[PDB]
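Colleague: with the input below, show me the fold.
(chains A, B, C and D, ligands or ions: 4)
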Amino acid sequence: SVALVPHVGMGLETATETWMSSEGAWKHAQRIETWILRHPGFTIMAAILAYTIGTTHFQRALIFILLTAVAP
Amino acid sequence: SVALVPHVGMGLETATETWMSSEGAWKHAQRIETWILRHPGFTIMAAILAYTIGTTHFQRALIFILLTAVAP
Amino acid sequence: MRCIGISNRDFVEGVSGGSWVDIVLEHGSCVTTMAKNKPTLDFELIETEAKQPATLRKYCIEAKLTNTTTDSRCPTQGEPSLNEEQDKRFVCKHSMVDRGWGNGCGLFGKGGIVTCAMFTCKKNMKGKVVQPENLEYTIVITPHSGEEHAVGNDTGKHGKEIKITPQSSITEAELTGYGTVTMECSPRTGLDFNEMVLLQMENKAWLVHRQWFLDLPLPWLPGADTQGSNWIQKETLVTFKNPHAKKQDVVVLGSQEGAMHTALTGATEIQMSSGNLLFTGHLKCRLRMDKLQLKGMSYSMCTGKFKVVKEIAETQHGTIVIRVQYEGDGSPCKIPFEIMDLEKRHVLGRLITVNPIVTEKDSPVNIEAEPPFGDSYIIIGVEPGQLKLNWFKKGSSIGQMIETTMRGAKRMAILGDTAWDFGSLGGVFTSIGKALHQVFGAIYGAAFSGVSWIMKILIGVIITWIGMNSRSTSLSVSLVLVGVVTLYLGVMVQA
Amino acid sequence: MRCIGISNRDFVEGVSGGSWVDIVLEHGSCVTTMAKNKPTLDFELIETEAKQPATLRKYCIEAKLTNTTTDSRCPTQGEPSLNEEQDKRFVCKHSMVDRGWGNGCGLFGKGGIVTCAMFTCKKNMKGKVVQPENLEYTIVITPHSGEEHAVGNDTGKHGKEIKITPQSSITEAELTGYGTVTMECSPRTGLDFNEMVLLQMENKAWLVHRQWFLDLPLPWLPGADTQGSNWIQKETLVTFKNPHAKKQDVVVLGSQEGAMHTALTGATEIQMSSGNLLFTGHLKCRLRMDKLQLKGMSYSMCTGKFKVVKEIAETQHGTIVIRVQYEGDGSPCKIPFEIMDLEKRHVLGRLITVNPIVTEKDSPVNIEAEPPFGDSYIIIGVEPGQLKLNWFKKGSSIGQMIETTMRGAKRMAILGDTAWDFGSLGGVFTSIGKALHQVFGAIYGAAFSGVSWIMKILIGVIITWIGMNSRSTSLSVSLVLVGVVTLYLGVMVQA
Ligand SMILES: *[C@@H]1O[C@H](CO)[C@@H](O[C@@H]2O[C@H](CO)[C@@H](O)[C@H](O)[C@H]2NC(C)=O)[C@H](O)[C@H]1NC(C)=O
Ligand SMILES: *[C@@H]1O[C@H](CO)[C@@H](O[C@@H]2O[C@H](CO)[C@@H](O)[C@H](O)[C@H]2NC(C)=O)[C@H](O)[C@H]1NC(C)=O
Ligand SMILES: *[C@@H]1O[C@H](CO)[C@@H](O)[C@H](O)[C@H]1NC(C)=O
Ligand SMILES: *[C@@H]1O[C@H](CO)[C@@H](O)[C@H](O)[C@H]1NC(C)=O
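Modeller: Numbers count the residues shown, from 1 in each chain, chains lettered A, B, ... in the order given. Ligands and ions are numbered 1, 2, ... in the order given. Okay, here it is:
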């Protein structure tokens, strides 16, 4: 709600700082981290399904990083 | 904040309905949709990078659905 | 009683190994048990109180700023500073404005300037924990026989309410006329507190996972507030926006009520107002039989005149609960009851009340049977066979074995481990069954926890595939691994 | 003036094609322009007002429920209903409770029951749109010469403030003693409203993309509230929780203030309080020269006694702004000024103020030069050469061509299209340059909009790779496509 689908890259970027300097921008990733750190269990899982699904090294790397960020 | 990392699957599932019947559960996807619908531009992009990155059909399908949900 | 028509439900035909009944109950559940003797019982636990907890943390959600001042010092010579930063009761920020020559400063180029505000919180919420010692569950069990009290009288007095706290162990239940049922609750492995975090909130509350509760952003306090306001953070809220260059000031960033709510979207509701009695729990225990005899078994199986008062319902394949009303032949006595097969005697109807017994030549009792699948006859009363009521169900054998397969499966994939505690007695099966699902459960299926249900099933699929088009035997295990277990939890879960 | 020491900045040496200067200005920017004549100018626009807008929508964020009633009807025979549902001013929900036989109902099994509440909103926020007609920009341009007013006097009177509304087109700027600078603002292609949604909020506001504004959840109103409360929705907030089976009631789900804020995290701040003057804008226009003559060019290049009053700063490679203080030889006249090379005359210092001119035998004027890279001498004053001030910069040629490459590149990848409007006059280059980046920009790079910056660069990478290990020529184009453009926008963007 006023929690998600937060007017971000709609497209009115303007030379002068917006509403959340960069705190918001950085924060986001900052929290996946907190999370992933929390349940290595899933990091584990993910990377695995990775290792097998795909094959093209880069492939793996890719779906991996995703799955990670996919689950908030 | 009290916007994200919302006590979900911590693990106290209990025979009796929780705090958001299912409205929340369904809602989530309901909004990616609203979004993807909004900017087919990205659906476009995604699926493409897809078509090329990977190759193993299922592969494609996979990183695609992801990228989609990856970008809120 | 106390269960007739409650959706959630379940029976347990069997006493086994001398009184060893193994049951699990969770509020909207009421477990009912039958035996080759003993007036079967309807078990339902309700009020599960907690007492003497402690406030562990205290996030606030309606911050408000005041007194706000701001100093600047000029290009290089001085990361600006002032008194206010001293009273940690404030908030501050060292930033760079372009203090230029004309600005009325030094030798332009760029400089420092900090902003500071005294930070008062306006309505925090407060967490709370409860030592399992002081987790008083209330268990209300009861007979049948029926009466004016009837079904789900709830608000009355039948079976009494034997309250039990792990601050004790086994409790006797003095049941009028019958004897004393003995229960061995294991209130110490049910909900599993001090893993749980009781959390009030502007007047409403939520039981919530300890971790998450010690991470959700916001400005927090400690446990011993009592005039403190030295809120570790504030940085979570209040923000001083710095447009393009100059100025640079602070702002509240508004309340957080609803936000909070929406965030908290997985915890169960609860209470806090009225000595916080957190429902939703689910404890298990050994229901110990014996010394639990049925009432009649003495006075004749009396014959006479009797009408009925209501037809028959059936929520849950077989709940034939019939109202009758004896008369004439007086004095409180038994009742001739059979669930026979259309005319040609060959009776085959499960009895659940194990003989009623009239008692007031008025008292319109009510029996409770589980008639067979097709059509059935409830012949109630001898002599001129005074009454035979034809009925018919739909106990369609197979439709049964299935809805059970599931409903049961459910009770499994909700409680986990203890699911097996529903099967009174071990012997390799239920005993080792638990022993395995115990760890194989707490592991994989339960070691990839915290992911939203959606993602959950997503992994189900990606895995069923990484399985399905496998390569020699191992797949079957891979599939199953996928199928049910996950794929299913998902298509289910999300309480 | 008005710019000396403002970080954001930029010059434009060139009048071209007879007065054709092409400039773009955005609040914290002030564009300064020089010519082979004409007292170069410092352009800075500020207050950009809007007037007579309209309230298009009105989401509320502090909902509150009252009067709440609830009816039930019983198994099958009647999807329950009552009067209250009539007054859409309420909220309702048809749900299934297990109304059983004892419940004091019908023939148990399951049944219907609805909940309803009169829904009063408590503090909405209200959007708002502004027809571009009524978008009064204020442009404040000014000379130099200096004085007590000095640099960035801001709060005074110099160059005046020529206000311009597209409710007109070109505006004359009567500049004291100099003449009349003529500007052709294109306030109709700058910010691009009626694409934008002005949005107040409990007293603070945000300019925000129309779409998003017509999607954010919440209970909304229309435009013509005036005692209405027939809030389309309410379903966004208020929720009636139904625990396990029975009961089933409604709740507020709390305010939304801060939530709102946090959600709105991409829009720029603004105003609403004080005739909503939305800064942050950035309009372009043709600055039209001619009829803009320098002051002196008449009175002698006077000689005499003169001290100085301040050393010299330099924010932005070359901003040598020096304070002097003539005396003795009286009567308001010129000033001998050179930026010569250490002793051995071969002068080579860019002048920015184009000759000062004393005026009060007191008036400590101040010049503004751009000394070369190494060490430079500012010889100011003839006769006994009364004064030569040795200085030295760091105008390190290459360090220059680079910081420009970027800073410029930036002004490009912020404004887009109109970036080219910074280069006065076309001729294939800047003219067609725009013509191309115009569409190639509005397309790809601008047709995959709305994705958070993070994801943005992520695609940069995945693409640089799908590129990099390409296959014959096409890659180079693929790489570039990646590099800069995206990869860069990302490493930049997020205003
Ligand atoms: C619940 O139990 C109460 C307790 O008996 C029942 O209430 C009685 O109702 C009769 C009928 O009028 C009264 O004459 C009694 O005085 C009531 N008892 C008292 C003193 O409360 C009630 O009918 C039962 N209802 C159910 C099935 O929940
Ligand atoms: C801004 O402009 C004002 C306008 O002149 C300057 O203020 C003057 O300061 C002198 C110094 O004491 C006074 O004697 C004048 O009376 C002031 N003018 C009035 C009437 O306001 C001010 O110094 C300038 N400051 C800057 C650089 O912003
Ligand atoms: C806070 O600032 C206000 C300024 O209006 C002042 O009146 C008040 O006394 C201050 N509080 C204290 C005691 O610091
Ligand atoms: C709302 O319900 C309350 C019940 O306390 C009642 O007093 C009030 O008049 C009701 N409002 C109206 C006019 O519907």
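Colleague: could you say which helix or strand holds residue A:32?
Modeller: In this structure, residue A:32 sits in helix A:23-38 according to DSSP states H and E.
Colleague: flag every buried residue along that helix.
Modeller: A:24-25, A:28, A:31-32, A:35-36, A:38 (16 or more other Cβ atoms under 10 Å in any protein chain shown). All C-beta spots, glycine's among them, are computed from the backbone N, C-alpha and C.
Colleague: next SSE after it?
Modeller: Following helix A:23-38 in sequence, per DSSP H and E, is helix A:40-52.
Colleague: and that next one, what does it pack onto?
Modeller: Helices and strands touching helix A:40-52, by 3 or more Cβ pairs under 8 Å, 6 or more residues apart in numbering or on different chains; DSSP states H and E, are helix A:58-70, helix C:453-468.
Colleague: how about these, which one is nearest residue B:15?
Modeller: helix C:453-468 (16.1 Å; Cβ to Cβ).
Colleague: and the nearest residue to residue C:153 once chain neighbours are set aside, what does it touch?
Modeller: If you skip the residues right next to it in sequence, residue C:153 has residue D:102 as its closest partner in space, 6.4 Å away by Cβ to Cβ, 6 or more residues apart in numbering or on different chains. By Cβ atoms under 8 Å, 6 or more residues apart in numbering or on different chains, the contact list for residue D:102 reads C:1, C:4-5, C:150-154, D:108.
Colleague: now these in TSV, with neighbour count?
Modeller: As requested, the contacts of residue D:102 are exported to TSV (neighbours: other Cβ atoms under 10 Å in any protein chain shown):
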residue	neighbour count
C:1	28
C:4	27
C:5	27
C:150	20
C:151	26
C:152	24
C:153	17
C:154	15
D:108	25
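Colleague: could you pick out which of the buried residues of helix A:23-38 are near chain B?
Modeller: A:31, A:35 (Cβ under 8 Å from any Cβ of the partner chain).
Colleague: buried ones in stretch C:318-332?
Modeller: C:318-326.
Colleague: so which of the helices and strands packed on helix A:40-52 comes closest to residue C:234?
Modeller: Minimum separation from residue C:234 across those (Cβ to Cβ) falls at helix A:58-70, 29.0 Å.
Colleague: packing partners for that closest one?
Modeller: By 3+ Cβ pairs under 8 Å, 6+ apart, helix A:58-70 packs against helix A:23-38, helix A:40-52, helix B:58-70.
Colleague: got the CA coordinates for it in PDB?
Modeller: Coordinates of each C-alpha in helix A:58-70 appear next as PDB, following Å, rounded to 0.1, in the frame of the first residue of the first chain:
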ATOM      1  CA  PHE A  58      26.900 -17.300 -15.500                       C
ATOM      2  CA  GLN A  59      23.500 -18.800 -15.600                       C
ATOM      3  CA  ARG A  60      23.900 -20.200 -12.200                       C
ATOM      4  CA  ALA A  61      25.300 -17.000 -10.800                       C
ATOM      5  CA  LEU A  62      22.200 -15.300 -12.300                       C
ATOM      6  CA  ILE A  63      19.200 -17.300 -11.100                       C
ATOM      7  CA  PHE A  64      21.000 -17.400  -7.800                       C
ATOM      8  CA  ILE A  65      21.300 -13.800  -7.100                       C
ATOM      9  CA  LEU A  66      17.700 -13.500  -8.100                       C
ATOM     10  CA  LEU A  67      16.100 -16.200  -6.000                       C
ATOM     11  CA  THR A  68      17.900 -14.500  -3.200                       C
ATOM     12  CA  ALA A  69      16.300 -11.100  -3.800                       C
ATOM     13  CA  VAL A  70      13.200 -12.700  -5.100                       C
END
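Colleague: off-centre distance for it?
Modeller: On the basis of Cα atoms, centre = their mean, to the nearest Å, helix A:58-70 sits 10 Å off its chain's mean C-alpha point.
Colleague: can you get me a residue count around residue 68?
Modeller: All of this is about chain A. 17 (other Cβ atoms under 10 Å in any protein chain shown).
Colleague: meant chain C, my bad for not saying
Modeller: Residue C:68 has 18 nearby residues by other Cβ under 10 Å.
Colleague: mind listing the helices for chain C?
Modeller: C:101-104, C:210-213, C:257-263, C:397-415, C:429-442, C:453-468, C:474-481, C:487-492 (DSSP state H).
Colleague: show me what the helix holding residue A:32 is packed up against.
Modeller: Under the contact criterion of 3+ Cβ pairs under 8 Å, 6+ apart, helix A:23-38 touches helix A:58-70, helix D:453-468.
Colleague: list the contacts for the residue in chain A positioned nearest to chain B?
Modeller: Closest contact between chain A and chain B, by Cβ to the nearest Cβ, is at residue A:3 (3.7 Å). Residue A:3 sits next to B:3-4, C:259, C:262-263, D:259, D:262-263 when contact means Cβ under 8 Å, 6+ apart.
Colleague: next one: residue C:92
Modeller: Residue C:92 touches C:84-85, C:114-117, counting by Cβ under 8 Å, 6+ apart.
Colleague: mind giving me CSV with these and columns for neighbour count and distance to ligand 1?
Modeller: Output for those, formatted as CSV (neighbours: other Cβ atoms under 10 Å in any protein chain shown; distance: Cβ to the nearest ligand atom, whole Å):
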residue, neighbour count, distance to ligand 1
C:84, 20, 65
C:85, 17, 66
C:114, 21, 68
C:115, 23, 64
C:116, 24, 64
C:117, 25, 59
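Colleague: so can I have TSV of those showing distance to residue D:141?
Modeller: Output for those, formatted as TSV (distance: Cβ to Cβ, whole Å):
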residue	distance to residue D:141
C:84	40
C:85	41
C:114	34
C:115	32
C:116	37
C:117	37
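Colleague: which of those fall in strands?
Modeller: C:114-117 (DSSP state E).
Colleague: what residues of stretch C:287-298 count as buried?
Modeller: Quick answer for stretch C:287-298 (16+ other Cβ under 10 Å): C:287-289, C:292, C:294-296.
Colleague: please apply the same query to stretch C:93-113.
Modeller: C:93, C:95-103, C:105-113.
Colleague: now do the contacts for the single nearest residue of the stretch 251-400 of chain C relative to ligand 2.
Modeller: Relative to ligand 2, the nearest point of the stretch 251-400 of chain C is residue C:251 (27.2 Å; Cβ to the nearest ligand atom). Neighbouring residues of residue C:251 by Cβ under 8 Å, 6+ apart: C:65, C:238-241, D:204.
Colleague: so what's the most centrally placed residue in chain C up against?
Modeller: The centroid of chain C falls nearest to residue C:280 when counting by Cα atoms, centre = their mean (2.6 Å). By Cβ under 8 Å, 6+ apart, the contact set of residue C:280 is B:14, B:16, C:26-27, C:207, C:268-270.
Colleague: residue C:22 now?
Modeller: Contacts of residue C:22 (Cβ under 8 Å, 6+ apart): C:284, C:286-287, C:421-425.
Colleague: which of these lies closest to residue C:169?
Modeller: residue C:286 (10.8 Å).
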